[PDB]
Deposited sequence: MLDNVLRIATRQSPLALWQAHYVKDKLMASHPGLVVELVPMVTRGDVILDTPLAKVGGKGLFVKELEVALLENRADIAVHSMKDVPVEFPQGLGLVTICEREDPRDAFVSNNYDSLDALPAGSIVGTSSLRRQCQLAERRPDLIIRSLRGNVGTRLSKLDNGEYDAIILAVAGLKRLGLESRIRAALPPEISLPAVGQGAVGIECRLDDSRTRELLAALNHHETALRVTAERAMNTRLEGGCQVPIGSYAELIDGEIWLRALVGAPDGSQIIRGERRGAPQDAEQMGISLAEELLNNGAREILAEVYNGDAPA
């Protein structure tokens, strides 16, 4: 077949990523007919059902939303070129985090962003914030939050880069696994589709996210977990940093690992176990409601 059906969420951002993949596909294969099959973790389960019942051929996600476990037959096969993986500080009245006076309300529902925020500034009020980027920016403007933390990649792709007051360095707010990268899921036995996707995969980014995901997989993580996992390719080696923290910032467990690109997965697993054997297991047990990594 020459038709390629892309399943995707229906938010402005999700549709941006869908177009991104489509464009890349069209450029590598001028004869391919790409159809979008948008549809309303729960933010991935419906797309996976579409894949299993042949209503779509591939599903485009933001890497950090991709779960660590896949139903048999499905899997991640392509990881596209990574964008700015950093968190961004967005605010209208203030220019930085240090500038926020005591009692300021920062919005984010990410435990990863919160635990790190609270570790440095116990005086701030971290308040939950949910919805598409557009609604989040709306609530900020309505005055419900003094500031909010969002990813740099999302704002840039939406052309809302001017919203970024300051990009928070990884040392301050360690990025979520795969933040800034787009990943494509599809049926493992679908050779044709996989062959078409080969041109979109970005080796270096795949190296980094693999180390990040291996770490997360061992910890049995996801979005609702206070886990940071970020890798860089430094002078031919992968530098992996990871953290697990208590949502109140009182206890944050940190570790790092460095090694050859081909050991990306084992480095991830090793670092994860190191965190686990150092208390991460007790913290994660809270967040998981009894459940804790093996």
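Residues 1 to 2, 43 to 59 of the deposited sequence have no C-alpha coordinates in the structure.
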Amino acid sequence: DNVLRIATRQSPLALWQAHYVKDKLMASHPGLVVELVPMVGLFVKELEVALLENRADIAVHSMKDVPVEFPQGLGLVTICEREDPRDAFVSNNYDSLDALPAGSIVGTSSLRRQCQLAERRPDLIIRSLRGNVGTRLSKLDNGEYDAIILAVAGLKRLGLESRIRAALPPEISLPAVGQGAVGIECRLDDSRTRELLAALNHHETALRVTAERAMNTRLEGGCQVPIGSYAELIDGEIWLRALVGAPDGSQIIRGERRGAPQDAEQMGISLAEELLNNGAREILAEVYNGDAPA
From here on, numbers count along this sequence of modelled residues.
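Averaged over CA atoms, B-factors in the entry run higher in 26 to 34 than in the other of 253 to 261 and 26 to 34. Checked against the record, the higher mean CA B factor of 6 to 14 and 274 to 282 lies with 274 to 282. Highest C-alpha temperature factor among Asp87, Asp146, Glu161, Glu185, as the PDB entry reports it: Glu161. Annotation for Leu42, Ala59, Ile269, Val244: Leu42 ranks highest, by Cα B-factor.
Sort the modelled residues of the chain by CA B factor and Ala167 lands in the middle third. Among the modelled residues of the chain, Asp235 sits in the highest third by CA temperature factor in this PDB entry.
Compared with the other modelled residues of the chain, the Cα B-factor recorded for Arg112 ranks in the lowest third. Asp65: CA B factor lies in the lowest third for its chain, per the PDB record. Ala211: CA B factor in the lowest third of modelled residues in this chain (values from the PDB entry).
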